[PDB]
Amino acid sequence: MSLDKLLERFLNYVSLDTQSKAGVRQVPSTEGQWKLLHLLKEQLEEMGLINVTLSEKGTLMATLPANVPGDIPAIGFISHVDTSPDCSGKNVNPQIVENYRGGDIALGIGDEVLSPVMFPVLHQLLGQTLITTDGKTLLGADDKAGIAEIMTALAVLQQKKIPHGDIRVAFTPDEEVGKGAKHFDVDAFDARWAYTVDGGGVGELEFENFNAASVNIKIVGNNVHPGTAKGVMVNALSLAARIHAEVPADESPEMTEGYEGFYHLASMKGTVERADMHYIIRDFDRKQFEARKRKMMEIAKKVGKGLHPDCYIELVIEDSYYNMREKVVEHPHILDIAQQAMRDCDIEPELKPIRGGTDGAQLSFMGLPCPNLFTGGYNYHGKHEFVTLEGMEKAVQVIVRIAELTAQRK
Amino acid sequence: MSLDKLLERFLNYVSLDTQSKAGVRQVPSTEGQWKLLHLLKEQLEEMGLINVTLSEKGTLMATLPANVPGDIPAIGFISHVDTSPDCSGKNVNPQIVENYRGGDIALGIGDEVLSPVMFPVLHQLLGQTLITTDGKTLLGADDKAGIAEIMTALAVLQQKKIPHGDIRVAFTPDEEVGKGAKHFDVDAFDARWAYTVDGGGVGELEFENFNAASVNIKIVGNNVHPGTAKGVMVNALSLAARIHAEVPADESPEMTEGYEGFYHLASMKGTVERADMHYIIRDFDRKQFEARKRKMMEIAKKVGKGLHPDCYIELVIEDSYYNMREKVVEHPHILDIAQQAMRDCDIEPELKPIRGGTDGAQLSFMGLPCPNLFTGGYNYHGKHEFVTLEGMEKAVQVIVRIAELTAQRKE
Ligand SMILES: [Zn+2]
Ligand SMILES: [Zn+2]
Ligand SMILES: [Zn+2]
Ligand SMILES: [Zn+2]
């Protein structure tokens with residue numbers, strides 16, 4: 001491998017404004033993404049890969065064909081070309097700190113700083129080459145570190161003539177708005193299983209995510225002139241506060257970690273006549289997920305007791321996505337090769353649940369079981385995002401090894 | 001008096017669509033109000049009143065000149081020409097119920113009903129002449145009953161040659177949406193005191209109203225992806241829920257009545273990042289009013305206690321109006337004459353509070369003390385609105401007598 005060429009590749013992708021935007025019917029949601037998609041398409045062709053197709057919805061697929069004879073299962077690696085809408089992805093001006101000495105890093109010239117007081121991980125990254133922002137923007141290691149790594153891995157397999165079956169690659173348009181799997185043509189991708197290279201620090205591997213549902217509450221109250229309100233007026237907001245009061249305050253995103261699920265009130269709007277509440281429900285375990293739904297319904301009936309026919313509480317519950325675990329563990333080889341790969345590269349696998357949704361978790365329920373491989377990056381979606389070059393080198397080495405190890409079993 | 005003419009006159013105003021509209025910059029808010037305003041203007045000229053003016057904003061003013069010599073104070077009578085947005089005021093279909101015999105009244109061809117089980121005051125109005133809706137609209141007794149009573153009083157004052165001083169009359173445009181006194185030219189109206197004819201059942205007199213202030217609470221939280229929220233996320237909506245738990249639940253519009261004040265959450269909107277609460281404070285007492293302002297502060301400091309500087313709770317209190325009591329009672333003759341008149345008319349005066357604001361309330365602070373007088377109407381702002389013809393005649397008698405008794409106290 002070649003650490004300079006890897007960094008340069010990455011810095012070129014990072015330089016392109018490819019930030020997503022919510023509330024957009026078109027996919028991809030923004031123009032900038034097409035520029036990275038198209039650069040990537042040319043790069044894949046130029047790398048020698050075949051069947052390079054960019055769909056009309058911004059999904060880019062390509063194949064590095066089998067190296068050796070034998071019936072090796074086709075595997076995929078997936079990244080997205082967009083950065084989070086939460087912070088600018090435009091004119092990212094990366095800072096390169098060689099041989100990091102475990103102190104505060106100044107982001108640009110200003111009162112913005114990357115500091116181990118705020119981010120203790122840094123204590124553990126002494127002597128690594130850190131790539132940071134300048135305080136004004138995101139970095140976009142999420143997920144262009146992923147892209148640079150997949151691209152480099154492709155090159156390595158060829159230049160180092162490492163035996164491998166068919167390797168499939170896809171680069172998706174709107175992950176940061178959850179549209180990164182919608183138009184994914186799994187038949188065309190033609191892989192048995194896959195990996196998104198879209199995780200965090202060195203060694204992270206993820207095959208679990210939340211089960212999700214929205215719980216939307218419509219409350220109809222009765223509103224008259226407040227002065228004559230006695231024994232007549234029914235305040236929808238007062239019922240709304242009653243509902244919220246019964247919801248386990250300790251089982252909230254603020255107070256919850258690791259594998260522990262939560263209820264969460266995301267938005268609300270109302271008057272005396274009508275209020276609407278938007279809850280989300282999250283649980284890794286499915287029975288609990290359902291138990292959580294049951295709770296909201298119990299709260300709705302309790303609070304609803306006493307209301308004259310003209311007043312009522314109405315709950316609409318709607319599943320959003322499921323825990324991919326089952327569809328992954330269904331096939332021991334997927335996580336076993338991934339972990340063997342890491343272990344071969346002297347990486348200790350760090351199993352970690354996705355406290356949310358991933359592209360892979362959708363793909364998993366589409367015929368394409370798809371866990372998450374690390375990237376080397378930290379502090380995503382903010383101005384304190386960074387990445388180590390060495391983290392990225394290890395992520396290449398793992399993709400390559402997975403490819404290699406898959407060939408041995410075919 | 002001719003109850004025939006009074007009824008006919010009332011029904012003529014009733015037929016005119018003059019429903020008001022909220023959140024409109026122009027005053028009046030609707031075209032229909034101009035039709036009633038102009039009708040009345042011509043009518044007032046035709047009654048021999050002087051100085052009839054109709055301003056570019058829809059306030060109509062006129063004067064019936066002093067009947068007799070003397071230093072008699074000018075007094076006013078005010079009613080509003082609009083009806084509530086709450087129910088339709090278009091093509092009202094009044095039903096005349098003669099010699100009310102005490103049952104339910106069928107409203108139109110359907111299943112809407114005016115019933116003494118729903119409104120027990122009906123047990124008190126047997127034998128009287130009821131005028132109801134057809135169930136499909138408002139009636140508009142509020143306040144077209146008052147307009148009809150004022151106009152008739154002016155006629156009685158003249159036809160019977162009853163001694164009176166200057167009688168000021170006015171008809172305002174946007175009362176049911178808060179603008180009724182916004183463009184009231186007090187100097188030009190030129191009355192020492194007035195009465196709105198916009199009360200309810202026979203005998204009602206009102207000189208006390210709520211003190212009002214809005215309390216607007218701004219909550220700045222901190223939003224992140226819920227999955228990684230621990231120790232970081234601060235739910236603005238959670239903080240709002242905490243403030244609401246602190247506000248005395250029993251001291252709310254749903255639980256209050258008579259002279260007792262309240263806190264009320266009218267509306268609210270928010271996400272994790274930001275929430276805004278819109279409270280209102282009502283109290284008849286000035287001190288208790290301020291105490292309620294202080295409790296909202298007590299609450300906001302407490303719920304915000306512990307928050308990191310990125311998050312906060314920001315209160316903004318703003319007075320909307322005040323109790324007219326001090327401005328009215330300052331001149332004992334205003335209520336005295338009003339009360340005497342009703343007694344001269346065999347009506348027992350009934351003083352009750354306005355659980356809100358009136359045009360008079362604002363006027364009382366613009367240099368025109370202005371209590372509220374009954375109309376004979378009930379169940380205002382809805383399809384169960386009714387009035388009795390005899391109640392309206394009593395209101396005319398009270399108006400004439402107030403004018404009459406004012407002329408006796410030339411001082
Ligand atoms: Zn990502
Ligand atoms: Zn991301
Ligand atoms: Zn009125
Ligand atoms: Zn009214």
# chains A, B, ... in the order shown; residues from 1 in each chain; ligands from 1

call {"tool": "residues_near_ligand", "arguments": {"ligand": "ligand 3", "cutoff": "8 Å", "atoms": "only C-alpha atoms and all ligand atoms", "output": "list in words"}}
result
residues 79, 80, 83, 142, 143, 175, 176, 198 and 199 of chain B

call {"tool": "residues_around", "arguments": {"residues": "region 221-230 of chain A", "least_positions_apart": "3", "cutoff": "8 Å", "atoms": "only C-alpha atoms", "output": "PyMOL selection string"}}
result
(chain A and resi 233-236+272-275+310-312) or (chain B and resi 253-257+354-356)

call {"tool": "interface_residues", "arguments": {"of": "chain A", "to": "chain B", "cutoff": "6 Å", "atoms": "only C-alpha atoms", "output": "PDB file with N, CA and C atoms, in the first residue's frame"}}
result
ATOM      1  N   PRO A 226     -62.317  31.105  26.985  1.00  0.00           N
ATOM      2  CA  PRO A 226     -61.795  30.699  28.297  1.00  0.00           C
ATOM      3  C   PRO A 226     -62.588  31.210  29.497  1.00  0.00           C
ATOM      4  N   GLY A 227     -63.228  32.370  29.372  1.00  0.00           N
ATOM      5  CA  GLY A 227     -63.981  32.961  30.466  1.00  0.00           C
ATOM      6  C   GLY A 227     -65.203  32.162  30.874  1.00  0.00           C
ATOM      7  N   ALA A 229     -65.337  28.833  30.186  1.00  0.00           N
ATOM      8  CA  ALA A 229     -64.802  27.502  29.906  1.00  0.00           C
ATOM      9  C   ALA A 229     -65.227  26.408  30.883  1.00  0.00           C
ATOM     10  N   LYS A 230     -65.519  26.805  32.124  1.00  0.00           N
ATOM     11  CA  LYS A 230     -65.819  25.871  33.212  1.00  0.00           C
ATOM     12  C   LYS A 230     -66.733  24.718  32.791  1.00  0.00           C
ATOM     13  N   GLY A 231     -66.300  23.497  33.111  1.00  0.00           N
ATOM     14  CA  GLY A 231     -67.056  22.277  32.871  1.00  0.00           C
ATOM     15  C   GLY A 231     -67.413  21.991  31.426  1.00  0.00           C
ATOM     16  N   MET A 233     -64.774  23.271  28.449  1.00  0.00           N
ATOM     17  CA  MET A 233     -63.526  23.291  27.693  1.00  0.00           C
ATOM     18  C   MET A 233     -62.657  22.069  27.990  1.00  0.00           C
ATOM     19  N   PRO A 253     -33.821   8.974  25.162  1.00  0.00           N
ATOM     20  CA  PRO A 253     -32.511   9.027  24.495  1.00  0.00           C
ATOM     21  C   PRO A 253     -31.432   9.723  25.330  1.00  0.00           C
ATOM     22  N   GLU A 254     -31.804  10.750  26.102  1.00  0.00           N
ATOM     23  CA  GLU A 254     -30.872  11.472  26.974  1.00  0.00           C
ATOM     24  C   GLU A 254     -30.223  10.557  27.991  1.00  0.00           C
ATOM     25  N   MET A 255     -30.983   9.587  28.480  1.00  0.00           N
ATOM     26  CA  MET A 255     -30.538   8.804  29.625  1.00  0.00           C
ATOM     27  C   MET A 255     -30.159   7.380  29.262  1.00  0.00           C
ATOM     28  N   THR A 256     -30.126   7.099  27.965  1.00  0.00           N
ATOM     29  CA  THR A 256     -29.972   5.733  27.498  1.00  0.00           C
ATOM     30  C   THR A 256     -28.711   5.515  26.646  1.00  0.00           C
ATOM     31  N   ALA A 266     -40.273  13.686  19.679  1.00  0.00           N
ATOM     32  CA  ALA A 266     -39.443  14.430  18.727  1.00  0.00           C
ATOM     33  C   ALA A 266     -39.999  15.813  18.394  1.00  0.00           C
ATOM     34  N   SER A 267     -41.304  15.896  18.183  1.00  0.00           N
ATOM     35  CA  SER A 267     -41.958  17.166  17.936  1.00  0.00           C
ATOM     36  C   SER A 267     -43.415  17.125  18.383  1.00  0.00           C
ATOM     37  N   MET A 268     -43.968  18.301  18.654  1.00  0.00           N
ATOM     38  CA  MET A 268     -45.374  18.439  18.999  1.00  0.00           C
ATOM     39  C   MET A 268     -45.861  19.834  18.618  1.00  0.00           C
ATOM     40  N   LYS A 269     -47.170  19.945  18.409  1.00  0.00           N
ATOM     41  CA  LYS A 269     -47.830  21.186  18.026  1.00  0.00           C
ATOM     42  C   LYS A 269     -49.259  21.083  18.527  1.00  0.00           C
ATOM     43  N   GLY A 270     -49.842  22.195  18.957  1.00  0.00           N
ATOM     44  CA  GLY A 270     -51.217  22.132  19.406  1.00  0.00           C
ATOM     45  C   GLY A 270     -51.863  23.395  19.913  1.00  0.00           C
ATOM     46  N   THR A 271     -53.176  23.299  20.097  1.00  0.00           N
ATOM     47  CA  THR A 271     -53.997  24.321  20.737  1.00  0.00           C
ATOM     48  C   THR A 271     -54.907  23.570  21.699  1.00  0.00           C
ATOM     49  N   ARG A 355     -27.186   2.306  17.340  1.00  0.00           N
ATOM     50  CA  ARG A 355     -28.325   2.901  18.026  1.00  0.00           C
ATOM     51  C   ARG A 355     -29.155   3.712  17.034  1.00  0.00           C
ATOM     52  N   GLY A 356     -29.572   3.062  15.951  1.00  0.00           N
ATOM     53  CA  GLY A 356     -30.345   3.708  14.904  1.00  0.00           C
ATOM     54  C   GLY A 356     -30.458   2.870  13.645  1.00  0.00           C
TER      55      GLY A 356
END

call {"tool": "residues_near_ligand", "arguments": {"ligand": "ligand 2", "cutoff": "9 Å", "atoms": "only C-alpha atoms and all ligand atoms", "output": "PyMOL selection string"}}
result
chain A and resi 82-84+140+142-143+175-176+198-199+358+380-381

call {"tool": "closest_atom_pairs", "arguments": {"of": "chain A", "to": "ligand 1", "cutoff": "12 Å", "atoms": "only C-alpha atoms and all ligand atoms", "output": "tab-separated table"}}
result
residue	atom	partner	partner_atom_place_in_ligand_line	distance
A:19	CA	ligand 1	1 (Zn)	11.6
A:20	CA	ligand 1	1 (Zn)	11.5
A:78	CA	ligand 1	1 (Zn)	10.3
A:79	CA	ligand 1	1 (Zn)	7.4
A:80	CA	ligand 1	1 (Zn)	6.5
A:81	CA	ligand 1	1 (Zn)	8.7
A:82	CA	ligand 1	1 (Zn)	8.0
A:83	CA	ligand 1	1 (Zn)	7.4
A:84	CA	ligand 1	1 (Zn)	8.1
A:85	CA	ligand 1	1 (Zn)	11.8
A:139	CA	ligand 1	1 (Zn)	11.8
A:140	CA	ligand 1	1 (Zn)	8.6
A:141	CA	ligand 1	1 (Zn)	8.4
A:142	CA	ligand 1	1 (Zn)	4.7
A:143	CA	ligand 1	1 (Zn)	4.7
A:144	CA	ligand 1	1 (Zn)	8.4
A:145	CA	ligand 1	1 (Zn)	9.6
A:146	CA	ligand 1	1 (Zn)	8.4
A:147	CA	ligand 1	1 (Zn)	10.4
A:171	CA	ligand 1	1 (Zn)	11.4
A:172	CA	ligand 1	1 (Zn)	10.3
A:173	CA	ligand 1	1 (Zn)	10.9
A:174	CA	ligand 1	1 (Zn)	9.8
A:175	CA	ligand 1	1 (Zn)	6.7
A:176	CA	ligand 1	1 (Zn)	6.9
A:177	CA	ligand 1	1 (Zn)	10.5
A:178	CA	ligand 1	1 (Zn)	10.4
A:180	CA	ligand 1	1 (Zn)	9.9
A:196	CA	ligand 1	1 (Zn)	8.9
A:197	CA	ligand 1	1 (Zn)	8.3
A:198	CA	ligand 1	1 (Zn)	4.9
A:199	CA	ligand 1	1 (Zn)	7.0
A:200	CA	ligand 1	1 (Zn)	9.3
A:354	CA	ligand 1	1 (Zn)	11.9
A:357	CA	ligand 1	1 (Zn)	10.7
A:358	CA	ligand 1	1 (Zn)	8.3
A:359	CA	ligand 1	1 (Zn)	8.9
A:360	CA	ligand 1	1 (Zn)	10.9
A:372	CA	ligand 1	1 (Zn)	10.0
A:373	CA	ligand 1	1 (Zn)	10.9
A:374	CA	ligand 1	1 (Zn)	10.5
A:375	CA	ligand 1	1 (Zn)	9.5
A:377	CA	ligand 1	1 (Zn)	10.2
A:378	CA	ligand 1	1 (Zn)	11.2
A:379	CA	ligand 1	1 (Zn)	11.6
A:380	CA	ligand 1	1 (Zn)	8.3
A:381	CA	ligand 1	1 (Zn)	9.0

call {"tool": "residues_around", "arguments": {"residues": "region 166-171 of chain B", "least_positions_apart": "2", "cutoff": "7 Å", "atoms": "only C-alpha atoms", "output": "ChimeraX atom specification"}}
result
/B:59-66,74-81,164,173,189,191

call {"tool": "write_last_selection", "arguments": {"atoms": "N, CA and C atoms", "output": "PDB file, in the first residue's frame"}}
result
ATOM      1  N   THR B  59     -66.217  53.524  12.494  1.00  0.00           N
ATOM      2  CA  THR B  59     -66.933  53.940  13.690  1.00  0.00           C
ATOM      3  C   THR B  59     -67.911  55.048  13.332  1.00  0.00           C
ATOM      4  N   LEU B  60     -69.181  54.788  13.645  1.00  0.00           N
ATOM      5  CA  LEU B  60     -70.276  55.715  13.409  1.00  0.00           C
ATOM      6  C   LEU B  60     -70.678  56.407  14.713  1.00  0.00           C
ATOM      7  N   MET B  61     -70.763  57.735  14.661  1.00  0.00           N
ATOM      8  CA  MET B  61     -71.104  58.563  15.817  1.00  0.00           C
ATOM      9  C   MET B  61     -72.200  59.564  15.460  1.00  0.00           C
ATOM     10  N   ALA B  62     -73.075  59.843  16.418  1.00  0.00           N
ATOM     11  CA  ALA B  62     -74.149  60.818  16.237  1.00  0.00           C
ATOM     12  C   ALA B  62     -74.624  61.339  17.591  1.00  0.00           C
ATOM     13  N   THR B  63     -75.357  62.448  17.574  1.00  0.00           N
ATOM     14  CA  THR B  63     -75.798  63.109  18.796  1.00  0.00           C
ATOM     15  C   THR B  63     -77.272  63.487  18.736  1.00  0.00           C
ATOM     16  N   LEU B  64     -78.027  63.079  19.747  1.00  0.00           N
ATOM     17  CA  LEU B  64     -79.350  63.631  19.961  1.00  0.00           C
ATOM     18  C   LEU B  64     -79.175  64.789  20.936  1.00  0.00           C
ATOM     19  N   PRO B  65     -79.390  66.016  20.450  1.00  0.00           N
ATOM     20  CA  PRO B  65     -79.121  67.231  21.229  1.00  0.00           C
ATOM     21  C   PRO B  65     -79.989  67.341  22.474  1.00  0.00           C
ATOM     22  N   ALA B  66     -79.482  68.057  23.475  1.00  0.00           N
ATOM     23  CA  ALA B  66     -80.198  68.306  24.723  1.00  0.00           C
ATOM     24  C   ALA B  66     -81.642  68.740  24.482  1.00  0.00           C
ATOM     25  N   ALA B  74     -72.973  65.182  29.025  1.00  0.00           N
ATOM     26  CA  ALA B  74     -73.208  64.318  27.867  1.00  0.00           C
ATOM     27  C   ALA B  74     -72.865  62.869  28.206  1.00  0.00           C
ATOM     28  N   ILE B  75     -73.791  61.959  27.918  1.00  0.00           N
ATOM     29  CA  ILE B  75     -73.550  60.537  28.128  1.00  0.00           C
ATOM     30  C   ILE B  75     -73.669  59.752  26.831  1.00  0.00           C
ATOM     31  N   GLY B  76     -72.966  58.630  26.760  1.00  0.00           N
ATOM     32  CA  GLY B  76     -72.918  57.857  25.537  1.00  0.00           C
ATOM     33  C   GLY B  76     -73.593  56.507  25.643  1.00  0.00           C
ATOM     34  N   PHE B  77     -73.965  55.968  24.481  1.00  0.00           N
ATOM     35  CA  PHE B  77     -74.441  54.593  24.360  1.00  0.00           C
ATOM     36  C   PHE B  77     -73.741  53.937  23.174  1.00  0.00           C
ATOM     37  N   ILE B  78     -73.104  52.795  23.410  1.00  0.00           N
ATOM     38  CA  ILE B  78     -72.291  52.150  22.379  1.00  0.00           C
ATOM     39  C   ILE B  78     -72.727  50.697  22.155  1.00  0.00           C
ATOM     40  N   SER B  79     -72.809  50.300  20.886  1.00  0.00           N
ATOM     41  CA  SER B  79     -73.010  48.894  20.535  1.00  0.00           C
ATOM     42  C   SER B  79     -72.132  48.568  19.335  1.00  0.00           C
ATOM     43  N   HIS B  80     -71.855  47.293  19.108  1.00  0.00           N
ATOM     44  CA  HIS B  80     -71.031  46.928  17.962  1.00  0.00           C
ATOM     45  C   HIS B  80     -71.864  46.271  16.858  1.00  0.00           C
ATOM     46  N   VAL B  81     -71.478  46.525  15.608  1.00  0.00           N
ATOM     47  CA  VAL B  81     -72.266  46.110  14.440  1.00  0.00           C
ATOM     48  C   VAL B  81     -71.924  44.725  13.897  1.00  0.00           C
ATOM     49  N   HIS B 164     -83.753  65.387  28.549  1.00  0.00           N
ATOM     50  CA  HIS B 164     -82.453  64.755  28.448  1.00  0.00           C
ATOM     51  C   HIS B 164     -81.441  65.791  27.994  1.00  0.00           C
ATOM     52  N   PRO B 173     -67.084  48.788  14.802  1.00  0.00           N
ATOM     53  CA  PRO B 173     -66.975  47.718  13.804  1.00  0.00           C
ATOM     54  C   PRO B 173     -66.415  46.349  14.226  1.00  0.00           C
ATOM     55  N   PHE B 189     -66.253  61.918  20.094  1.00  0.00           N
ATOM     56  CA  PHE B 189     -67.438  61.345  20.746  1.00  0.00           C
ATOM     57  C   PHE B 189     -67.956  62.281  21.833  1.00  0.00           C
ATOM     58  N   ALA B 191     -68.234  62.559  25.316  1.00  0.00           N
ATOM     59  CA  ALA B 191     -69.154  62.189  26.385  1.00  0.00           C
ATOM     60  C   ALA B 191     -68.378  62.123  27.680  1.00  0.00           C
TER      61      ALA B 191
END

call {"tool": "select_by_dssp", "arguments": {"residues": "region 181-271 of chain B", "states": "strand (DSSP E or B)", "output": "number ranges by chain"}}
result
B: 193-197, 204-206, 209, 211-220, 222, 234, 262-271

call {"tool": "atom_distance", "arguments": {"atom1": "CA of residue 189 (chain A)", "atom2": "CA of residue 22 (chain A)"}}
result
26.3 Å

call {"tool": "atom_distance", "arguments": {"atom1": "CA of residue 149 (chain A)", "atom2": "CA of residue 397 (chain A)"}}
result
8.9 Å

call {"tool": "closest_residue", "arguments": {"among": "B:57, B:192, B:101, B:144", "to": "ligand 4", "atoms": "only C-alpha atoms and all ligand atoms"}}
result
B:144

call {"tool": "atom_distance", "arguments": {"atom1": "CA of residue 152 (chain B)", "atom2": "CA of residue 409 (chain B)"}}
result
23.4 Å

call {"tool": "residues_around", "arguments": {"residues": "residue 193 (chain B)", "least_positions_apart": "4", "cutoff": "10 Å", "atoms": "only C-alpha atoms", "output": "count of residues only"}}
result
17

call {"tool": "residues_around", "arguments": {"residues": "residue 26 (chain B)", "least_positions_apart": "5", "cutoff": "12 Å", "atoms": "only C-alpha atoms", "output": "ChimeraX atom specification"}}
result
/B:20-21,31,56-58,173-174,177,179,182-183

call {"tool": "closest_residue", "arguments": {"among": "B:139, B:403, B:117, B:107", "to": "ligand 4", "atoms": "only C-alpha atoms and all ligand atoms"}}
result
B:139

call {"tool": "residues_around", "arguments": {"residues": "residue 97 (chain B)", "least_positions_apart": "2", "cutoff": "8 Å", "atoms": "only C-alpha atoms", "output": "list in words"}}
result
residues 95, 99, 100, 129, 130, 131 and 132 of chain B

call {"tool": "write_last_selection", "arguments": {"atoms": "C-alpha atoms", "output": "compact mmCIF listing (two decimals), in the first residue's frame"}}
result
# COMPACT_ATOMS: atom_id res chain seq x y z
CA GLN B 95 -87.96 31.93 14.73
CA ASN B 99 -96.06 33.07 24.77
CA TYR B 100 -93.27 30.62 25.58
CA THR B 129 -91.63 36.15 23.41
CA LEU B 130 -88.54 34.18 22.37
CA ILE B 131 -86.58 34.82 19.20
CA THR B 132 -84.22 31.95 18.29
